[PDB]
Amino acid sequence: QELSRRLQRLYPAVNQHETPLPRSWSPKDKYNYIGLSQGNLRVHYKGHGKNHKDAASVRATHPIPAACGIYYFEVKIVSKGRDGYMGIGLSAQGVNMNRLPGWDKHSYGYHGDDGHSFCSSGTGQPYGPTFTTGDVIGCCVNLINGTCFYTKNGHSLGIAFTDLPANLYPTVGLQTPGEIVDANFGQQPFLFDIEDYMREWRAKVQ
């Protein structure tokens, strides 16, 4: 399997038997307005999406193991759908899936339509560019420091969150009809050179 070899390469300190890595979205752990396809890697919004009370998220199958040191995943925007109310980020296991990532306690999100970050809060802060159909958004979590930065189309955007709690799950949320996103948990090469980033972080850490 190219997948297991890739993941062993990226995260050699991880005991995938004690703490398996997220490899796809959970077929269970999602709100009913979310549909899945393509081996649980594609996420479709299928609610009415009238307003933010129709937001809907999905969590990956497992939380990010601490021993990753630095973890990384990428999401491609297949379609913005109607409004592109799409959130990408991290959620703890108890987080309500009837919300976009970042709105609730222990939830962290970067949203496409405003480019704002949401740090366990219903109110966004200016963070990055907007994103839409065709864009690739990555999420890089530093488990050692408890920090997270995002990437857009291969380019890093700076730390969005600090003081992150342990055991967070990769999460995406959608809101409007037509919204579709694809996830890469390591199945294929990332746009962002994450291995080189890990070398640079070790090189520059103070």
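Numbering starts at 1 and runs along the sequence shown.
Enquirer: Averaging C-alpha B-factors over each stretch, which comes out higher, 135-143 or 160-168?
Expert: Taking the mean C-alpha B-factor of 135-143 and of 160-168, the larger value falls to 160-168.
Enquirer: In the PDB record, does 102-110 or 125-133 carry the higher mean Cα temperature factor?
Expert: The stretch with the larger average C-alpha B-factor is 125-133.
Enquirer: Looking at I64, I70, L36, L174, which has the biggest Cα B factor in the entry?
Expert: Max CA B-factor in the entry, restricted to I64, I70, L36, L174: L36.
Enquirer: Tell me which of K152, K50, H44, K28 tops the list for C-alpha B factor in the record.
Expert: Highest C-alpha B-factor among the listed options: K28.
Enquirer: By its CA B factor, does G94 count among the lowest, middle or highest third of the modelled residues in the chain?
Expert: Ranked within chain, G94 CA B lands in the highest tercile.
Enquirer: Tell me, lowest, middle or highest third: where does the Cα B factor of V78 rank within its chain?
Expert: Its C-alpha B-factor belongs to the middle third of this chain's values.
Enquirer: Which third of the chain does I194 land in by C-alpha B-factor: lowest, middle or highest?
Expert: Within its chain, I194 is a middle-third residue by C-alpha B-factor, going by the deposited values.
Enquirer: Looking at the entry's B-factor column for C-alpha atoms only, identify whether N32 ranks in the lowest, middle or highest third of its chain.
Expert: Ranked within chain, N32 CA B lands in the highest tercile.
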